[PDB]
Amino acid sequence: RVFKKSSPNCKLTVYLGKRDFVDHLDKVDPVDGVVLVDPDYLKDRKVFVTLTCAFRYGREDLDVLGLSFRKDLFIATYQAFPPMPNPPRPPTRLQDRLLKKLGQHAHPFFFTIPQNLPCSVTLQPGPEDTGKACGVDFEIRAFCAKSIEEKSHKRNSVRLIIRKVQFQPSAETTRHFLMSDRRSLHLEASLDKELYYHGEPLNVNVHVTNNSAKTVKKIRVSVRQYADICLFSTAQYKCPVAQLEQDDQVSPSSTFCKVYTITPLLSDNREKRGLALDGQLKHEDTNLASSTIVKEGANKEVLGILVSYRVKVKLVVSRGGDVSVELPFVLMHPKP
Amino acid sequence: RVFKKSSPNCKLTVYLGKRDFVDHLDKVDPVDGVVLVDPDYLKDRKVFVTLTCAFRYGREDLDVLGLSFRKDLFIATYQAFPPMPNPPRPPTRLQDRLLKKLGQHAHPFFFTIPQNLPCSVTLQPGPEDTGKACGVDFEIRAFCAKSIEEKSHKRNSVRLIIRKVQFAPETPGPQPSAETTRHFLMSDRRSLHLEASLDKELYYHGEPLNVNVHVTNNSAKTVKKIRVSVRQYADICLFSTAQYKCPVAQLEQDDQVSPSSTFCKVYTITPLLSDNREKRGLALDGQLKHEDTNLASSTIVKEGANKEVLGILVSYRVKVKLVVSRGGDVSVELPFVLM
Amino acid sequence: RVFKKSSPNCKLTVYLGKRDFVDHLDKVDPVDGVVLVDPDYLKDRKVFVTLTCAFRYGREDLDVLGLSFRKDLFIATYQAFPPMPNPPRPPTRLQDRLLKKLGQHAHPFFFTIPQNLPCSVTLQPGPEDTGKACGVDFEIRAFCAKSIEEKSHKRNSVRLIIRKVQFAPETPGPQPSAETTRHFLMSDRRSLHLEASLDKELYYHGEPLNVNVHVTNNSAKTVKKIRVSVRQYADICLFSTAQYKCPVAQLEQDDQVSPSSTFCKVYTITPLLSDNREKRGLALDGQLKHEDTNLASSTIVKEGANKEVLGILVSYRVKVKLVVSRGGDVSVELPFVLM
Amino acid sequence: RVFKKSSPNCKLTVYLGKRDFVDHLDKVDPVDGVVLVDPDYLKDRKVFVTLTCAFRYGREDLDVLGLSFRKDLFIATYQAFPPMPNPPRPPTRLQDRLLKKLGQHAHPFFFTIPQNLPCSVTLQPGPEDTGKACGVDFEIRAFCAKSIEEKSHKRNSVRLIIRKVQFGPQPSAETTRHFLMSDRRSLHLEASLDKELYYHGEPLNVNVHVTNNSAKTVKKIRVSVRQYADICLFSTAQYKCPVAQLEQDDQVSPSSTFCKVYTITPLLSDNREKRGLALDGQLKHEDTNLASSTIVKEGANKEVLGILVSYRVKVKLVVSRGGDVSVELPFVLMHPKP
Amino acid sequence: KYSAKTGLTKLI
Amino acid sequence: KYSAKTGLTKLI
């Protein structure tokens, strides 16, 4: 399926294949599309195309109203018209469909993405904060201004939102105390897999491994979303997307075991504060944010929201202390 | 050197001497340990301890659902507590150390093994995935269920991996050698008298791989090379015996043979475990959860039994691969054993 | 499985086949490598290559400021660049895989080891102060200093440690069984005839030690015990060949023999390394810098040279210890070999 | 050698062994000594002894509007006089030496130290900043107040400053560096060593094995020892400052594998009269040393409030445009113990 | 069915 | 006295 965007002046009309671009990491999903422009308005007028990897942390006019503006991580620009040497060596098969479909005035275009670019992730708005926003995003504007390609103005610029979404760890630790000297909590939150996506839930095989005194109250496992934000201060925002639990108690001098089955649902954390979501395509229903990562650390810090996930396995022990432990694991998309 | 698994439970705390027990020929090496137990929760709760001879060929809950499980080739079952009027009659002198150091409640256990059980042997996994395991193992669990020894559960169990081994006899077979003829469509003369003579029959880990190859030649059809190749045969009788060809090692020199004379070269090889690490499908001796193993010992199938031995039957055969113009790769196999 | 050391400075990258080279009997395993060098900063800069077989028995800069250093057992040097008249005549097919895999600049190299070199064997450190480090090793290096091959420094050299591990011969010696009769001052009879009869003569790291011990008895001092103990001779030769006794492993049940008959049991052991890990002064086979090694194989001395072999000369023997009332620790030793 | 402190009322005196106490690890060094009071002012007034472990981060009659004071992470109290059916069940051999030398009056005293406590370590002030301070100290007080055990002041309180200073694999960092205007590995840099715990008296060779710094000339390789001066009052706070660094022009070549050992000696008298480098605890005018590294015990309940010193040899290279790339490690300086 | 594990104990 | 190390390459 194909999708277009025509400006209300019918001048620059973009046709594209996919809004979701599959961010592999040896490569990345390049952009494929064409721009149908009309030439009698565009008599000695010069069409372009660009791709903006952008970072937002607030209001348009107000953080516009700043000592800084968007520090865009990336922007790609290329010459649509005049075609300076009609220079696409490889024409894409999507362009092979659109050039045959449209009038040949369709100018092809193609966007290469570099390796240091972070993914599309937005902090969840509050229910009470109306004008608060924060999110990384990727967009595409085919545009024109009389000035040479260095500048532009809002008119003739045709927006569009796309996505660059990024498509057997055991834990065992002991717990020693004041008034109960025994090992008292060995615990193994074993699993099977590390990188899941939307569709396959979270079983956590937690092996209780506990000695005698200090009656354990309960165990409960909370998928906890990390949102690391690096603009002027790195910042991590802890908030539980989902937590599930039962009342399966353990005895003094025994080795119990429970698999606890949790599933963070997008539908449940609808209408809530503080849960990074994947960027939406301007209104459409999205998912819980995919875990981003910094590949090995570029020479320049990744300025963005940096999503990680974890299972925080929490316990309560008499008379209700909230012991716990955490791990690494990652949520990213499946490729077609 | 002694080691324990202290169950976090501090009800069953099992002290053992060695993880590898030497499965001799005339006997086995028995298990010889103790279980320190604590009294204030074990009130009319009863200590037992078992030896599971387990066989594995897959995923631990996928192969569960279906109609089958692991065919546990043996299970030994001991009652530590409550004791008879002095159960331990031949006390081990390891469990003299484990009783005088430990308390009055420390509880003995020994575990004899019979004469029908194979080693702890696994395959080698691949570097690539769909989720698979296999291998025999020997393990020891100490536990306490309310019901009689014929039932058990979680919530008391102390598990430790031990190991069992085949160890081939005193005597090698005949000194195995090789000398075949080969007949064709295009060159008439016998063209390949090929005497792959050897020295020994049952090697181990830490010896050479020399093969004295004596070509006897009178022919045309220029020979190019003699590659020598240590085939592993990964026999696996699960739903059927299968062999999975893969050379643990291969060497070759460019030693070319003239027409009409007898020439001979010893071709001389090391299969090391470190060379075939992060490689697929090369049976390795079953390792103790992370520890470094060796390349799997040859397993042998007893002369005749009512039941066919199910599982991995390691064999090893040194193929002598040849190249003759314009490149035909002629060769042969022999029987030889690494136990 | 081919491996490289891309020299730190992207000049002399050394590509090789194997890091364990076979110590054969008829021959050795020679080296077959190439060196990719780049032609821009190497303009009239002349590449060579070496194999620096070397003994190690101490600290670097401390044993520097003495009178001696190490007694490098051997050093081979060969001229890669510029090729004296292009001297690869019999290229290896690994040297035929690399030259076409890499760029045209690749320069081969090849070292044939003599017959007077011991292997790569390293003393085991202990848990404590465990670095008066000892051990032979074979190491191989590319280099280019302005002055000719008889002078060099460090700013070009590419060092890659390999090994040469001894390997056992083709025939084992006759079945050994030999020890004491033990006459006394207060109990009279032949009083412990014993036979630790054995089965083979040269073992490796695949098989155990069954010892068929045959008591012959008419007692008047009660026996009570036979332990059997495999003993290593960590026979170091710096000033002197140096026997350092310690048991790699030993086993025993408590089989008792009665007065006036003949008893017999097969006691049996395995010397492991993971059991002898975290212990002091137990000669191990050479290590590849952190890779897992095993127990030292039996080293042996050739049948008459002029100069005493200097190094650690590892031997092994099942010492058959007996405990007799009221506690005399009687025993004796034999020969046997783990080469 | 022995030392005492006497009050201007010569009422309480304190005789001890050593102002330097060894912060062992399985144990610590317990305090041992005696208190020597007089008869007849101290009629029916009760002498006690205390160990004050403190965190200091500023001025004396100034920083007491911190909502607080020196937040005493720990304070120990034991009942000197009247001895209270006295449990000096083990009296000390030096207290044995003090009881017969002095009068049989001598009131012994002894202090166990718990495990969640730091060493004695301070931030070195600036050469220009006068009215500022920071640091840990372990001191002892022997006193008597006409009160209950709770009320306490000076003029009978005799205060002695003592110390609780703490008496790997061959560690090697070999890192690559990927750029935007170069392709090659362009710098592997292996800082190989032979020791990870040094003292005062054994120098700092850093065997820096360079691995291709080319296609961008290298100026050269600085090596600089940085103390980490961690401070945890309200927030943990490192304050970077190099104690010492040394320096030759040895000049790595394009396509040549260099390796140089650089020999550093961090001395105190060279860093005497400086700013921002923790020194070891000191006694009132006498000479001290450069601060020992402190360690954070494996798994306490509450985080350690103190100055938490470490050190590290930073190896800061300098490459053609004079862009100074570097890398660090862990490297810990504890004392040698008698 | 018939049981499972914990998953790791490398010495004493 | 003759010479010294770098101290590590483990594989390819």
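Chains as they are written, first to last, in PDB author numbering: chain F, 8 to 174, 182 to 350; chain E, 8 to 346; chain B, 8 to 346; chain C, 8 to 174, 180 to 350; chain Y, 333 to 344; chain V, 333 to 344.
For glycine and all other residues, C-beta sits at the position ideal for the given N, C-alpha and C.
Please confirm whether residue i and residue j have their CB atoms less than 8 Å apart.
i: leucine 23 (chain F); j: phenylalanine 81 (chain F); result: no
i: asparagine 16 (chain B); j: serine 267 (chain C); result: yes
i: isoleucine 233 (chain B); j: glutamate 259 (chain B); result: yes
i: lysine 12 (chain B); j: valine 165 (chain B); result: yes
i: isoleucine 168 (chain B); j: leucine 295 (chain B); result: yes
i: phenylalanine 76 (chain B); j: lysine 333 (chain V); result: yes
i: residue 177 (chain F); j: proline 37 (chain F); result: Here chain F is numbered 174 followed immediately by 182, so the structure offers no position for residue 177 (chain F).
i: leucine 341 (chain C); j: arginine 324 (chain C); result: yes
i: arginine 63 (chain F); j: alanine 152 (chain F); result: no
i: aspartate 206 (chain E); j: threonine 99 (chain B); result: no
i: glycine 288 (chain E); j: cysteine 253 (chain E); result: yes
i: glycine 213 (chain B); j: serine 154 (chain E); result: no
i: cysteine 126 (chain C); j: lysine 78 (chain C); result: no
i: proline 46 (chain B); j: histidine 112 (chain B); result: yes
In chain order, what residues of the same chain lie with their CB nearer than 7 Å to the CB of residue i, ignoring the 5 residues before and after it?
i: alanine 241 (chain F); result: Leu130, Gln250, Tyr251, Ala290, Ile319 and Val321
i: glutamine 257 (chain B); result: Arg234, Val235, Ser236, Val237 and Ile276
i: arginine 197 (chain B); result: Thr188
i: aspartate 39 (chain B); result: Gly24, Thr99, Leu101, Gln102 and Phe117
Note down, in chain order, each residue of its chain lying with its Cβ closer than 6 Å to the Cβ of residue i, except the 5 sequence neighbours on either side.
i: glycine 180 (chain B); result: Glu208
i: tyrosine 85 (chain E); result: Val56 and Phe116
i: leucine 109 (chain B); result: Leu43
i: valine 35 (chain F); result: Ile120
How should residue i be labelled, buried or exposed, when 16 other C-beta atoms within 10 angstroms of its C-beta is the threshold for buried?
i: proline 215 (chain E); result: buried
i: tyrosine 210 (chain E); result: buried
i: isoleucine 344 (chain Y); result: exposed
i: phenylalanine 88 (chain F); result: buried
i: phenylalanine 246 (chain B); result: exposed
i: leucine 199 (chain E); result: buried
i: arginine 333 (chain F); result: exposed
i: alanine 312 (chain B); result: exposed
i: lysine 161 (chain B); result: buried
i: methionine 346 (chain F); result: buried
Using a Cβ-Cβ cut-off of 8 Å (strictly less than) and excluding sequence neighbours within five positions of residue i, which residues of its own chain qualify?
i: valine 339 (chain C); result: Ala185, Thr187, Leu201, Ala203, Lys326 and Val327
i: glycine 138 (chain E); result: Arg66 and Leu69
i: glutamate 156 (chain F); result: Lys53, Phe55, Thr84 and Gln86
Kindly give me the distance between the Cβ atoms of residue i and residue j, rounded to whole angstroms, as I take these residues to be in contact under 8 Å.
i: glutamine 239 (chain F); j: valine 255 (chain F); result: 5 Å
i: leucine 19 (chain C); j: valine 42 (chain C); result: 6 Å
i: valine 128 (chain B); j: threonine 269 (chain B); result: That pair is no contact at about 42 Å.
i: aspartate 30 (chain F); j: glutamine 173 (chain F); result: 5 Å
i: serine 194 (chain C); j: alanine 227 (chain C); result: 5 Å
i: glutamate 285 (chain E); j: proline 134 (chain E); result: 6 Å
i: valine 220 (chain F); j: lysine 272 (chain F); result: 6 Å
i: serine 281 (chain E); j: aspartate 261 (chain B); result: Incorrect: roughly 41 Å between the Cβ atoms, too far for contact.
i: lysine 231 (chain B); j: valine 330 (chain B); result: 6 Å
i: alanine 83 (chain C); j: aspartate 144 (chain C); result: The Cβ separation is near 14 Å, so there is no contact.
i: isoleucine 147 (chain C); j: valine 21 (chain C); result: 7 Å
Handout entry: Continuous alpha helix (DSSP H) assignments of at least 4 residues falling wholly in the region 58 to 130 of chain E
Key = 101 to 107
Problem - Residues within the region 52 to 70 of chain E neighbouring chain G, beta-carbon criterion of under 9 Å - result: You won't find chain G in this structure, because its protein chains are F, E, B, C, Y and V.
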